[PDB]
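Asker: Next up is a structure, given as structure tokens.
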Amino acid sequence: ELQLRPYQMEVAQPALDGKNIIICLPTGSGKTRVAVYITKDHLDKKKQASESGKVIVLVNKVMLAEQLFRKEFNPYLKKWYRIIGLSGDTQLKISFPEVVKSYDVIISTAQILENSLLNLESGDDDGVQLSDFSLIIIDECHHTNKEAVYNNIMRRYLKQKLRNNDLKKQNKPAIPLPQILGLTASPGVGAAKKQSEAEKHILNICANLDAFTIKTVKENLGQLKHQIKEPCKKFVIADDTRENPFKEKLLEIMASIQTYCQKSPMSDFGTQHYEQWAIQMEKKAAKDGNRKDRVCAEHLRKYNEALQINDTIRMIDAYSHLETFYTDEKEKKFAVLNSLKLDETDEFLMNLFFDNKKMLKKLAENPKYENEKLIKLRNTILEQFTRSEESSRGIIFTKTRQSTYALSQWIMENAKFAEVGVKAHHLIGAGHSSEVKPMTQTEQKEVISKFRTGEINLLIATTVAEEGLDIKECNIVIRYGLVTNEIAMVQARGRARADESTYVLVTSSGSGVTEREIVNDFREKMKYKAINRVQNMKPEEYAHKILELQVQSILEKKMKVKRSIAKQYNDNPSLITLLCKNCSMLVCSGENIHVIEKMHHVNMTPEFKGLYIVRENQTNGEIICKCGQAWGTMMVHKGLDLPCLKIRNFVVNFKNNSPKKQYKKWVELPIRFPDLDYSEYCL
RNA sequence: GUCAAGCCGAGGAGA
RNA sequence: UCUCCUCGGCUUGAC
Ligand SMILES: Nc1ncnc2c1ncn2[C@@H]1O[C@H](COP(=O)(O)OP(=O)(O)O)[C@@H](O)[C@H]1O
Ligand code: ALF
Ligand SMILES: [Zn+2]
């Protein structure tokens, strides 16, 4: 029951036979269908050729793999060929390399494949080789770039093509290369002011893929334009003259502390540059071993955060955020006391805070000066849903997660949204961060299905949503004051697959966001022109340029290796001393340390044992200092109750000359630690 | 079916 | 070089 459209056939017509190429079309144009048709066509040809038919599909996003398998690939081609869909969530009970020769149609996230190849290179596993496949297919190719995943693969394929070309003039024998396909919407630009630079960027993309041409549709192009609708754009701006009662109270607190510090930011409060200054000051303070400065740097940073959320989010959210933090600090102090101890700074800060904290709590619940951009957002939602009369499938984007969760709660709480019957759910990535609850991959998938069901007419999400999530109908899409690049803008702007679609943006009049909007708009215009230039490029000249770029990429890789051969070759097990960071309290040396899984660094001596504290919530306990610094988390490996930690929380002190430093992660530093022989700790 | 923790890589933004 | 955010992956464990 497979189908096709005219332009679809037109654009793909070359690839139907050889011609490893790219395809560039607007969103929701049946790209997936194009791929599917090509898969079937490709295999049928291999079968009639009595030749092996293997295919593989690649998606950067995990959600996307399931999507394609669920809705497009598995349905049509189920009967003819075997199919299967893999992801981190999926369990490869078999293995990757085996199924490569089992289901004959693979769908996978990228890094899975690369992981397999890399293992093959190591010899640790049988792994897999490109030759095993006959056709490699890709989505969102635009990602292919400097150190992008896809690029890691292509650089291999390119290398082999170069070998094949070398043989072409030396020896008849060669190694087969699978046909490569490319599927995207906006190949994008590398922030090129000049369209010629953009042209170059494209050429780089194509060469990173052995694209013989962009091959965008021209003849039926009008038909496609007619078929496909573009949302009615809409800008929404809001100036923040309010927040004087509450925000200003905060700025007052910040200044009070800075006065406690005698440190001049020379930067506006609530800004990243201000935050960055806080960090470097904190780093310097800690490296110096000095206090009263790094600690305050920490708190101020917390407050700049609180400001930025208070800018977007209401006073309540930020106040709560500060309150949680200080609550944690108090609990640490109490655990330490559990003896007698006193502090001057912390006492200054907590007595500075707790009372003003009550004040801000009182100031927190105010509807009038709650926000401006949030309100505008409400107005847009309420208007559109009221206007749709049950015909609204809504999406939202932001930058962070804490944002998403807050919005979903506040929207559900708001009677106005409740009145219209809108239902809000927040979506995020699997990993846990930003002090938010992680979502199980299944939970995300469930949520997606519920929206596809319409159970949720308003799904909050993050960049993860910007891609894929092919939905039959969506009328509404917005952006909550977030500008990253033209590509993200267009993909998101191309997600309301409805005859009538609305694109909205919400920005502070003060922030130069609409600026960047216009930027990306120009880039969008620039690229289509650049594409038209190359499409008219000479084949041979095109060929020469791409070859040059292919080589360039590879040699670049070689040097990035050369500077990475070792680049920090210290075999110095214990030539150091780790102190606490808040307090300059010695903790351990390098010798008392060992490793498990060659990943986790730990010490397991009673000397380190009788120093920390376990703050409760129960198995995975958290660790803290006697100063109140947090140190690490418990760990139960093979029964051993080893407490593991994070290097970032501690500070370096060499034996030689003590140029104290921070590394933020173990791998960065040169020296090695050993694994732990469990011969120890026996009877 | 549930949860936690940790490590690594990559991209984007800003500086 | 630093920072923030985001994504992907790999391990350990417990329930
Ligand atoms: N032959 C066809 N005729 C009509 N509609 C089609 C055809 N093939 C695909 N589509 C439509 O295209 C949509 C899928 O678009 P897709 O290519 O996945 O989005 P994108 O191009 O942004 O990745 C489906 O909802 C389907 O309705
Ligand atoms: F391939 Al698309 F939006 F164009 F997922
Ligand atoms: Zn300490």
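Throughout, chain A uses Swiss-Prot numbering, with the displayed residues spanning 306-643, 666-944, 955-1020 in order.
How was it done? The header gives electron microscopy, 4.3 Å.
Even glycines carry a Cβ here, placed using N, Cα and C.
Swiss-Prot lists A:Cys907, A:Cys910, A:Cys962, A:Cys964 with the feature Zn(2+) binding site. Feature annotation from Swiss-Prot assigns domain 'Helicase ATP-binding' to A:317-510; the stated evidence is sequence analysis. What Swiss-Prot records for A:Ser828 is phosphoserine.
Any idea what these are sitting next to in the structure?
Answerer: In the three-state DSSP reading, A:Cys964 (Zn(2+) binding site) counts as coil. The local packing around A:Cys964 (Zn(2+) binding site), expressed as other Cβ atoms within 10 Å of its Cβ over all shown chains, amounts to 19.
Under DSSP, A:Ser828 (phosphoserine) is assigned to coil, being neither helix nor strand in the three-state scheme. Within 10 Å of the C-beta of A:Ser828 (phosphoserine) there are 20 other C-beta atoms, taking all protein chains into account.
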Asker: Near ligand 3, meaning Cβ under 6 Å from any of its atoms: which of the recorded positions A:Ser828, A:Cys907, A:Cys910 fit that description?
Answerer: A:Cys907, A:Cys910
Asker: Across the 22-residue unmodelled segment, how far is the Cα of A:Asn643 from the Cα of A:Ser666, in Å?
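Answerer: On either side of the break, the Cα atoms lie 6 Å apart.
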Asker: Using the alpha carbons only, what distance in Å do you get between A:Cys907 (Zn(2+) binding site) and A:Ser828 (phosphoserine) once rounded?
Answerer: 56
Asker: Which whole-number value in Å describes the separation of the CA atoms of A:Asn944 and A:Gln955, between which 10 residues are not modelled?
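Answerer: Across the gap, the Cα atoms of A:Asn944 and A:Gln955 sit 7 Å apart.
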Asker: Is any of A:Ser828, A:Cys907, A:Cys910, A:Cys964 (recorded positions) within Cβ reach of ligand 1, i.e. under 6 A, and which?
Answerer: none
Asker: Looking at Cβ-Cβ distances, which residues of the chain lie under 8 angstroms from A:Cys962 (Zn(2+) binding site) while being 6 or more apart from it?
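Answerer: Same-chain residues close to A:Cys962 (Zn(2+) binding site) (Cβ under 8 Å, separated by 6 or more) are A:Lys637, A:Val641, A:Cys907, A:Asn909, A:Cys910, A:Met912, A:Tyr939, A:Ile940, A:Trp968.
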